[PDB]
Each structure stands twice: as C-alpha cells, then as structure tokens.
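See below for the structure under consideration.
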Amino acid sequence: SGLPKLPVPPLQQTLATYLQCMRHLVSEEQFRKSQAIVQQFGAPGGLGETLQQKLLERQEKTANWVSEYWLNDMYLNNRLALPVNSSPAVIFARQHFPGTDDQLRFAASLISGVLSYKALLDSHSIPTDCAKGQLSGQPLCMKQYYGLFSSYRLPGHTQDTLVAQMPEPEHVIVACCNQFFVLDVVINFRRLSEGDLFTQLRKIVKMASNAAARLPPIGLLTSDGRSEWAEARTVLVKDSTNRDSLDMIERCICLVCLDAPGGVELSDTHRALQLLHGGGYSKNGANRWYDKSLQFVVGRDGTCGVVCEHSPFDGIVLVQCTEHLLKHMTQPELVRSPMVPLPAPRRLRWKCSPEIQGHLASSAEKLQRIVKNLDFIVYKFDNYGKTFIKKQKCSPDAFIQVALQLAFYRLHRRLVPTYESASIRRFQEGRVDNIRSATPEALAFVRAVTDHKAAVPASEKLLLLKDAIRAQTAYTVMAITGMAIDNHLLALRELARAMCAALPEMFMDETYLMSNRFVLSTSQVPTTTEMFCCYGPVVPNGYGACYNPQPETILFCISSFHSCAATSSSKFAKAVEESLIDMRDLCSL
Ligand SMILES: CC(C)(COP(=O)(O)OP(=O)(O)OC[C@H]1O[C@@H](n2cnc3c(N)ncnc32)[C@H](O)[C@@H]1OP(=O)(O)O)[C@@H](O)C(=O)NCCC(=O)NCCS
C-alpha cells in the first residue's frame with residue numbers, strides 16, 4: 001500500500017493529554033493520585049518508555065499496530081448480545097408495497113444491485129476515496145469495502161472470531177418466516193437476472209409458508225449474548241446437518257430478510273426499531289442471523305434498510321455502499337439474463353433437539369429484554385443546519401458535538417467521558433480513534449449557560465462557546481491525524497499485558513477505567529439520501545447519539561435504556577433542541 005502507517009504519538013504527549021482530558025472529570029484527590037501514577041509510568045527509563053519502544057517495534061513489523069488490539073477491545077471481546085448493543089442499523093426511506101410482488105421486485109432489484117456492486121469490488125474498480133471536511137484531498141484506505149460481503153462473526157466463549165472469506169456457486173441467504181433459504185445468484189460468473197431473482201423469491205415465499213416443513217427459528221440464537229450463542233452453537237455443531245446449514249450461512253454474500261408486516265405505525269422511529277432488533281420474536285426478531293455482516297431487510301409493509309455487524313467495517317464505508325445500491329435501483333433495468341433450467345432454492349435443514357429447544361426459549365427471553373429496554377427516538381432538528389453553522393465560522397461537527405455536551409449537562413448536571421468516532425482511514429487499515437468531546441472548555445461553556453446564579457453575560461457565553469468549538473476542532477484534527485490518545489493507550493496496555501498479566505497501576509487506576517465508560521457515545525454518519533444510521537448506548541446508564549448534518553437540518557438518532565432512571569431519550573432530544581436554539585441565539589448577538 002502507498003498509504004502512510006498509523007503514527008505512534010510521542011509518549012509524553014499522550015500522557016499529558018490524558019491527564020488534561022480527565023482532570024475535570026474526577027475528584028481533586030483522585031486526580032492527584034493519577035498525576036503521581038502517570039508521572040511514575042512515563043518517567044525516564046520507566047515502564048512507559050519500555051512499552052513505547054515495543055510499540056515502535058510493533059509499528060515497524062505490522063501494517064497497523066492497533067488493528068488487532070482495537071478489533072478485540074472494541075468488538076470481539078464484548079460479551080453483550082449484538083442487537084442494539086453493537087450492530088448498527090441503516091434505515092432506507094419508507095417504501096410502498098401494495099402486493100407481495102412489489103416487495104419481491106424491490107428485493108430482486110436490491111440483490112442485483114448487490115451483485116454488480118460486488119463485481120466492481122472483485123475487479124477493484126471502486127474509485128479510491130479521498131478525505132473531505134477536515135484536512136481533505138488525501139487518499140483513504142479502502143480495505144473496509146472488502147469486508148462488506150466476505151465476513152462472518154463467529155461466537156466464542158470469551159473472545160469472538162472475525163472470519164475473513166469464495167464459494168462457487170456464490171449465494172445469498174434469504175430469510176422468510178424465520179426460515180433460511182439458499183439462493184444461488186452466480187453460477188459460472190453468470191449473474192441471475194433481476195427477472196429470475198423475482199421468480200426465485202416467489203418460490204421462497206411459497207415454501208416459507210409450508211407448515212409441515214416449518215423448522216425452528218434458529219436465527220433467534222444469534223441474537224443472544226456472545227458466550228450464550230457460542231454455547232448453543234456448540235450444541236448445534238454436534239449434528240452434521242446443522243454443520244452444513246451453518247457453513248452455508250457462513251459463506252453467503254449477505255442476508256435478505258423478507259420481514260412480515262410490522263404491527264405499529266411506520267414512523268422513522270418504529271421503522272428503526274424493526275431494523276435494530278426486529279421487534280422481538282413475536283415480530284421479525286428471529287428472521288435474522290446477526291453474525292453475518294450485512295442483513296438487508298425488505299419487509300412486506302415497506303420497511304426496508306440494512307442491519308450491520310460492526311466488527312468488519314464502519315458506517316461511512318457502509319453508507320457509501322448502500323447509497324450506491326439504492327442509486328443503482330434508480331438506474332434502469334438492463335437487458336436480461338435468463339436461466340433455464342432454473343433450480344428451486346434450497347431450504348436449510350436443522351436437526352433440533354431438546355437442548356436446542358431450551359436455548360431457543362432463553363434467547364427468546366433475552367431478546368425480549370433488549371426490545372423492551374431500548375428507549376429510542378429519531379429527532380429531526382429543522383431550525384437550521386450546516387449552512388448557518390458555517391456562517392458562524394464554525395465546524396458543523398464541532399458545533400454539534402458542543403451542543404450535545406450542553407444538552408447532556410443541562411439535563412444531568414455534569415459532563416461525562418464522551419466518545420466520538422474519528423476516522424483514521426488516512427492510514428493503512430485505518431478504522432477509527434476517539435475524539436474526547438468532554439473537554440475542559442466544554443465544561444466552562446455549559447456551566448456558564450446553565451448556572452443562573454453566575455449570571456454570566458451573554459457576550460461572555462458567546463466567547464466560551466467559540467472557545468469550546470475551537471477546542472473541539474483542535475481535538476478533532478488531533479484524532480484524525482493519529483495524534484489522539486485512546487488507540488495509543490490501548491496498545492501500551494496490551495503490550496504490558498503481554499509482559500505480565502498484572503497491568504501497571506497506570507491502567508488499573510480508577511481514572512483510566514472511568515475514562516473509558518462512555519456515558520455519551522456518538523458519531524456523525526452523513527448521507528445524501530433519505531436514509532439514517534442508528535445504534536444503542538455502550539453502557540447501562542448512557543446514550544447513543546448518531547447525527548446526520550445537512551445544509552438546513554440535523555437528524556438525531558438518540559438511544560438509551562429504560563432501565564436507567566437517570567436517562568431518557570425523549571428528554572435528551574429536547575435538550576439537544578434547546579441547546580441548538582441557545583447556541584443560535586448566542587451567535588446572533
Ligand atoms: C471527525 C469528523 C467527524 C469531522 O467531520 P467533518 O466532515 O470534517 O465535519 P465538519 O463539521 O468539520 O464539516 C466539514 C464541512 O464544514 C466546513 N467547515 C469546517 N470548519 C469550518 C469553519 N471553521 N468555518 C466554515 N466552514 C467550516 C468544511 O469546509 C466542510 O465543508 P464542505 O461541506 O464544503 O466540505 C470526520 O473527520 C470523521 O472522522 N468522520 C467519520 C465519522 C465516522 O467514522 N462515522 C462512522 C463511525 S462507525
């Protein structure tokens with residue numbers, strides 16, 4: 001590759017930044033202790049320098065010194081069930097399917113789109129991406145695109161495994177009524193016609209309606225905790241017939257889920273709930289297989305989108321792919337490719353036992369908990385967007401990040417360690433690092449705005465606001481150029497772990513542990529289309545906030561858990577609105 005390698009920030013720089021990031025987020029006493037702990041860790045000839053040298057050696061010996069640690073720490077090691085906790089969802093615009101054939105026509109076209117997109121990929125014909133927004137123009141890593149259809153996430157007892165692929169024939173798994181069918185799409189590079197795909201889908205729907213053939217909803221098992229699924233899967237593996245079906249799923253291109261009519265109204269919020277967890281076993285919750293990277297949902301009632309397994313790639317790459325797919329569906333149906341004789345799709349067989357029956361019950365129950373615990377809302381701020389923000393000589397993203405801090409503070413009376421996905425695709429195999437938005441400058445601003453007794457003059461609030469945005473931007477530039485701290489500290493941490501299972505004080509420190517519990521987890525997932533991305537929180541008492549800034553509006557997808565009496569997605573969305581209004585008034589002085 002011609003891309004530069006992810007940089008290794010200097011040790012002292014990361015340590016200084018770290019302490020500064022956390023001083024206002026911990027007690028004075030605790031900070032003093034951390035100061036001393038860090039001083040000792042990074043002292044000349046100390047442990048810090050020994051680990052740093054080992055990191056430089058690792059940087060030289062690998063293409064990306066953090067890929068492995070990051071992949072495990074961020075996803076594979078996580079034991080939580082994938083739905084809501086990990087797998088984000090992208091919702092397409094509302095569709096209208098008068099008859100079942102309309103649904104199947106859409107699905108056929110979509111599958112065709114997928115096939116031509118994958119052809120462009122297999123031929124390395126996809127135009128190399130370039131940075132836009134902050135520091136734009138340089139080439140970006142394209143590795144993520146190659147993980148779109150060739151990946152499967154295997155459950156494990158303690159750590160999962162991301163399997164990187166091509167089966168011939170090449171096929172897609174179609175799920176209907178919780179039944180999984182193998183739909184071959186490419187014989188000898190012969191790509192079935194959009195007309196033949198329609199015909200095959202009609203057959204699938206028909207078979208998926210046969211009572212005497214209906215099999216147990218095995219898909220449900222993949223919606224459980226990772227350790228739980230790993231165990232139920234071990235039970236399944238005992239039988240040869242199940243071993244075959246799993247493999248088929250494991251080697252498919254993707255899944256195409258023909259969801260049953262949802263029960264509630266088709267609002268952006270409800271359509272997203274369906275994409276996130278399917279609404280539980282009583283709805284479309286089992287018509288899935290979360291281990292597979294991409295699950296395209298085409299429901300009978302018009303609810304469409306794609307459920308994504310996070311570990312193999314991030315939302316930007318995903319959105320580019322989907323927007324291309326949808327654009328391809330806007331583009332005219334080509335000439336035909338006709339298949340005579342056209343074999344019938346194969347239904348994956350499962351040999352269930354009393355054991356598996358119990359596992360299905362548990363998973364059904366576990367999933368229901370996720371469904372009722374998710375507090376989600378799609379909020380569209382329409383007073384203004386990027387256009388107005390740019391007129392304030394401000395970075396939209398930074399401005400929005402600051403708005404979220406103010407919303408959080410005005411509602412809960414404190415700032416908390418916050419996470420914002422910062423793409424580092426400027427470097428080989430680059431995924432993301434973290435932008436810590438809960439800066440000291442943000443604190444000074446939110447306090448001025450909310451502390452009535454201080455009576456801070458509006459002119460001063462404006463100054464603090466601009467400084468907060470300046471600091472947000474500075475950290476953003478720092479992160480996207482690989483000079484931030486999270487990935488750096490992670491590497492040092494795991495390198496030490498290799499030396500001795502007993503981590504240094506540095507990483508046992510309550511300050512470090514606290515710095516990584518992201519009560520406010522966020523990310524910008526911009527899209528030109530009518531679509532939007534959403535996901536749940538990463539901690540029991542936290543929020544998930546994915547926004548899409550447009551010229552005149554800003555879409556906010558807010559999530560939290562009903563279990564935490566302290567959080568509330570409706571209240572937070574309201575606080576976001578008020579925060580944006582307040583900031584607007586401040587800039588209009
Ligand atoms: C960190 C990050 C979010 C910053 O986003 P960004 O796109 O640079 O956003 P900004 O808010 O700075 O906005 C960029 C736009 O505002 C403009 N802008 C930025 N600062 C400005 C300023 N001070 N004054 C006026 N305009 C400004 C830019 O010129 C650009 O305008 P353009 O639409 O004509 O190109 C981005 O670099 C990133 O990493 N995005 C990836 C998110 C991701 O990974 N999502 C999936 C997670 S799994």
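Each answer follows from the model by the rule given with it, or from the source it names; nothing here is a laboratory result. Reconstructed Cβ throughout: ideal geometry from the backbone, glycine too, with neighbour counts over all protein chains shown.
Quick one: which of 474, 545, 458 is out of contact with any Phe, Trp or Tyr (no Cβ under 9 Å at 6 or more places or on another chain), farther than 25 Å from residue 31 by Cβ and assigned by CATH to the domain that holds residue 402? Break it down into steps so the answer makes sense when it comes.
Details: 474 fails: farther than 25 Å from residue 31 by Cβ; 545 fails: out of contact with any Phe, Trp or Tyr (no Cβ under 9 Å at 6 or more places or on another chain).
So the residue among 474, 545, 458 that is out of contact with any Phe, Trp or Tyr (no Cβ under 9 Å at 6 or more places or on another chain), farther than 25 Å from residue 31 by Cβ and assigned by CATH to the domain that holds residue 402 is 458.
Restricting attention to segment 143-150, does a residue exist that is among the hydrophobic types (A, V, I, L, M, F, W, C), farther than 25 Å from residue 338 by Cβ and within 16 Å of the ligand (Cβ to nearest atom)?
Checking segment 143-150: at least one residue is among the hydrophobic types (A, V, I, L, M, F, W, C), farther than 25 Å from residue 338 by Cβ and within 16 Å of the ligand (Cβ to nearest atom).
Evaluate the following for residue 362: is it surrounded by fewer than 20 Cβ atoms within 10 Å (Cβ to Cβ) and among the hydroxyl-bearing types (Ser, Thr, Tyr)? Can you show your working first?
Values: surrounded by fewer than 20 Cβ atoms within 10 Å (Cβ to Cβ): yes; among the hydroxyl-bearing types (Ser, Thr, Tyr): yes.
When the stated conditions are applied, residue 362 passes them.
Every residue in segment 255-279 that is crowded, with 20+ Cβ neighbours inside 10 Å and in a loop (DSSP other than H, G, I, E, B), please.
First pass over segment 255-279, keeping only residues crowded, with 20+ Cβ neighbours inside 10 Å: 255-259, 262, 271-279.
Within segment 255-279, 259, 262, 278, 279 meet the criteria.
Note down all Cβ pairs under 9 Å where the first residue falls in segment 31-51 and is among the basic types (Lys, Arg), the second is surrounded by fewer than 16 Cβ atoms within 10 Å (Cβ to Cβ), and they're at least six residues apart or on different chains.
From residues that are among the basic types (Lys, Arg), the pairs are 33/510.
With a cut-off of at least 3 residues that are in contact with a strand residue (DSSP E or B) (Cβ under 9 Å, 6 or more places away or on another chain) and aliphatic (A, V, I, L, M), name the strands (runs of 3 or more DSSP E) lying wholly within segment 147-229. Don't jump to the end; show me each part of the working.
Details: elements: 151-154, 161-164, 170-176, 179-186.
So the answer is 161-164, 170-176, 179-186.
Is it the case that residue 471 is over 29 Å from residue 144 (Cβ atoms) and either crowded, with 18+ Cβ neighbours inside 10 Å or in contact with a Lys or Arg (Cβ under 9 Å, 6 or more places away or on another chain) (or both)?
Numbers: over 29 Å from residue 144 (Cβ atoms): yes; either crowded, with 18+ Cβ neighbours inside 10 Å or in contact with a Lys or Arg (Cβ under 9 Å, 6 or more places away or on another chain) (or both): yes.
The answer is yes for residue 471.
Checking residue 128 against (1) more than 16 Å from the ligand (Cβ to nearest atom); (2) not in a loop (DSSP other than H, G, I, E, B): exactly one of these is not met. Which one?
Failing condition for residue 128: (2).
From the list 129, 73, exactly one residue is under 26 Å from residue 524 (Cα atoms), of a type in the set (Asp, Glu) and in contact with a strand residue (DSSP E or B) (Cβ under 9 Å, 6 or more places away or on another chain). Which is it?
On the way: 73 fails: in contact with a strand residue (DSSP E or B) (Cβ under 9 Å, 6 or more places away or on another chain).
Selected residue: 129, the only one of 129, 73 that is under 26 Å from residue 524 (Cα atoms), of a type in the set (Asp, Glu) and in contact with a strand residue (DSSP E or B) (Cβ under 9 Å, 6 or more places away or on another chain).
Any residue in segment 487-501 that is within 16 Å of the ligand (Cβ to nearest atom), assigned by CATH to the domain that holds residue 398 and either part of a helix (DSSP H, G or I) or out of contact with any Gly (no Cβ under 8 Å at 6 or more places or on another chain) (or both)? Steps first, answer last, please.
Here is the first cut: in segment 487-501, the residues within 16 Å of the ligand (Cβ to nearest atom) are 487.
Within this subset, residues satisfying the condition of being assigned by CATH to the domain that holds residue 398 are 487.
The next check asks that each one be either part of a helix (DSSP H, G or I) or out of contact with any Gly (no Cβ under 8 Å at 6 or more places or on another chain) (or both); those that pass are 487.
Yes, segment 487-501 contains a residue that is within 16 Å of the ligand (Cβ to nearest atom), assigned by CATH to the domain that holds residue 398 and either part of a helix (DSSP H, G or I) or out of contact with any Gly (no Cβ under 8 Å at 6 or more places or on another chain) (or both).
Check 223, 227 and return the single one that is of a type in the set (S, T, N, Q), within 29 Å of the chain's Cα centre (by Cα) and either outside the structural domain of residue 293 (by CATH) or surrounded by 19 or more Cβ atoms within 10 Å (Cβ to Cβ) (or both). Steps first, please.
Working: 227 fails: either outside the structural domain of residue 293 (by CATH) or surrounded by 19 or more Cβ atoms within 10 Å (Cβ to Cβ) (or both).
That would be 223, the only listed residue that is of a type in the set (S, T, N, Q), within 29 Å of the chain's Cα centre (by Cα) and either outside the structural domain of residue 293 (by CATH) or surrounded by 19 or more Cβ atoms within 10 Å (Cβ to Cβ) (or both).
Mind listing whichever residues of segment 113-147 are touching a helix residue (DSSP H, G or I) at 6+ places or on another chain (Cβ under 7 Å) and either farther than 19 Å from residue 427 by Cα or assigned by CATH to the domain that holds residue 430 (or both)? Steps first, answer last, please.
Of the residues in segment 113-147, the ones touching a helix residue (DSSP H, G or I) at 6+ places or on another chain (Cβ under 7 Å) are 113-114, 116-117, 121, 126, 134-135, 144-146.
Residues satisfying the conditions are 113, 114, 116, 117, 121.
Restricting attention to segment 524-547, and to residues there that are within 13 Å of the ligand (Cβ to nearest atom) and surrounded by fewer than 20 Cβ atoms within 10 Å (Cβ to Cβ), which single residue is farthest from residue 330 (Cα to Cα)?
If we filter segment 524-547 for residues that are within 13 Å of the ligand (Cβ to nearest atom), which is where we start, we get 524-528, 532-535, 538, 544-547.
If we keep only those that are surrounded by fewer than 20 Cβ atoms within 10 Å (Cβ to Cβ) too, we end up with 526-528.
Values: 526: 20, 527: 17, 528: 14 Å.
It comes out as 526.
Any chance segment 503-517 includes a residue that's in the same structural domain as residue 37 (by CATH), small (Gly, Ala, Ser), out of contact with any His (no Cβ under 8 Å at 6 or more places or on another chain) and crowded, with 20+ Cβ neighbours inside 10 Å? Give the derivation first.
Residues of segment 503-517 in the same structural domain as residue 37 (by CATH): 503-517.
Adding the requirement that they be small (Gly, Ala, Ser) leaves 515.
The next check asks that each one be out of contact with any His (no Cβ under 8 Å at 6 or more places or on another chain); those that pass are 515.
Add one more test, that the residue is crowded, with 20+ Cβ neighbours inside 10 Å, and what stays is 515.
The answer is yes, given that some residue of segment 503-517 is in the same structural domain as residue 37 (by CATH), small (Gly, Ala, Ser), out of contact with any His (no Cβ under 8 Å at 6 or more places or on another chain) and crowded, with 20+ Cβ neighbours inside 10 Å.
Can we say residue 557 is more than 12 Å from the ligand (Cβ to nearest atom) and assigned by CATH to the domain that holds residue 397? Working first, answer last.
Values: more than 12 Å from the ligand (Cβ to nearest atom): yes; assigned by CATH to the domain that holds residue 397: yes.
Judged against the criteria, residue 557 is a match.
Hey, could you check segment 413-423 for residues that are surrounded by 21 or more Cβ atoms within 10 Å (Cβ to Cβ) and more than 14 Å from the ligand (Cβ to nearest atom) and say which is farthest from residue 442 (Cα to Cα)? Steps first, answer last, please.
Within segment 413-423, the first condition is being surrounded by 21 or more Cβ atoms within 10 Å (Cβ to Cβ), and the residues that meet it are 415, 417-420, 422-423.
Still in the running and more than 14 Å from the ligand (Cβ to nearest atom): 415, 417.
Numbers: 415: 9, 417: 12 Å.
The extreme case among them is 417.
Take segment 30-60 and flag every residue that is among the hydrophobic types (A, V, I, L, M, F, W, C) and farther than 20 Å from residue 509 by Cβ. Outline the logic, then answer.
Taking segment 30-60 as the starting set, the residues that turn out to be among the hydrophobic types (A, V, I, L, M, F, W, C) are 31, 36-38, 41, 43, 47, 51, 55-56.
Selection gives 56 alone.
Does segment 440-460 include one or more residues that are away from the ligand (no atom under 12 Å from the Cβ), closer than 30 Å to residue 59 by Cβ, under 27 Å from the mean Cα position of the chain (by Cα) and small (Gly, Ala, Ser)? Don't jump to the end; show me each part of the working.
Within segment 440-460, the subset away from the ligand (no atom under 12 Å from the Cβ) is 440-460.
Then drop every residue that is not closer than 30 Å to residue 59 by Cβ, which leaves none.
No: segment 440-460 contains no residue that is away from the ligand (no atom under 12 Å from the Cβ), closer than 30 Å to residue 59 by Cβ, under 27 Å from the mean Cα position of the chain (by Cα) and small (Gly, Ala, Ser).
Six or more apart or on different chains, Cβ atoms under 9 Å: show the pairs whose first residue is in segment 421-437 and closer than 15 Å to residue 1 by Cα and assigned by CATH to the domain that holds residue 514 and whose second is part of a loop (DSSP other than H, G, I, E, B) and near the ligand (Cβ under 6 Å from one of its atoms).
Close Cβ pairs (under 9 Å, with a partner that is part of a loop (DSSP other than H, G, I, E, B) and near the ligand (Cβ under 6 Å from one of its atoms)) amount to 425/314.
Suppose we filter 16, 119 for residues that are surrounded by fewer than 16 Cβ atoms within 10 Å (Cβ to Cβ), touching a strand residue (DSSP E or B) at 6+ places or on another chain (Cβ under 9 Å) and in a helix (DSSP H, G or I); which single one remains?
Working: 16 fails: touching a strand residue (DSSP E or B) at 6+ places or on another chain (Cβ under 9 Å).
After ruling out the rest, the residue left standing is 119.
Looking at this structure, is residue 511 within 16 Å of the ligand (Cβ to nearest atom), more than 16 Å from the chain's Cα centre (by Cα) and hydroxyl-bearing (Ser, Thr, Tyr)?
On the way: within 16 Å of the ligand (Cβ to nearest atom): no; more than 16 Å from the chain's Cα centre (by Cα): yes; hydroxyl-bearing (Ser, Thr, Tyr): yes.
It is false that residue 511 is within 16 Å of the ligand (Cβ to nearest atom), more than 16 Å from the chain's Cα centre (by Cα) and hydroxyl-bearing (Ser, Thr, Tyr).
Can you tell me which residues in segment 172-221 are of a type in the set (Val, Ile, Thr) and within 18 Å of residue 259 (Cβ to Cβ)? Quick ask: steps written out before the conclusion?
Looking only at segment 172-221, we keep the residues that are of a type in the set (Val, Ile, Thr), and these are 172-174, 182, 185-187, 199, 204-205, 218.
Those that are of a type in the set (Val, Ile, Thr) and within 18 Å of residue 259 (Cβ to Cβ): 172, 173, 174, 204, 205, 218.
Among the helices (runs of 4 or more DSSP H) confined wholly to segment 339-412, which include 1 or more residues that are within 16 Å of the ligand (Cβ to nearest atom), touching a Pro at 6+ places or on another chain (Cβ under 8 Å) and not assigned by CATH to the domain that holds residue 286?
Numbers: elements: 354-373, 386-390, 396-412.
Here the list reads 386-390, 396-412.
Which members of segment 146-193 meet the condition of being acidic (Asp, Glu) and surrounded by fewer than 16 Cβ atoms within 10 Å (Cβ to Cβ)? Don't jump to the end; show me each part of the working.
Taking segment 146-193 as the starting set, the residues that turn out to be acidic (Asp, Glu) are 160, 168, 170, 184.
Hit for segment 146-193 is 168, nothing else.
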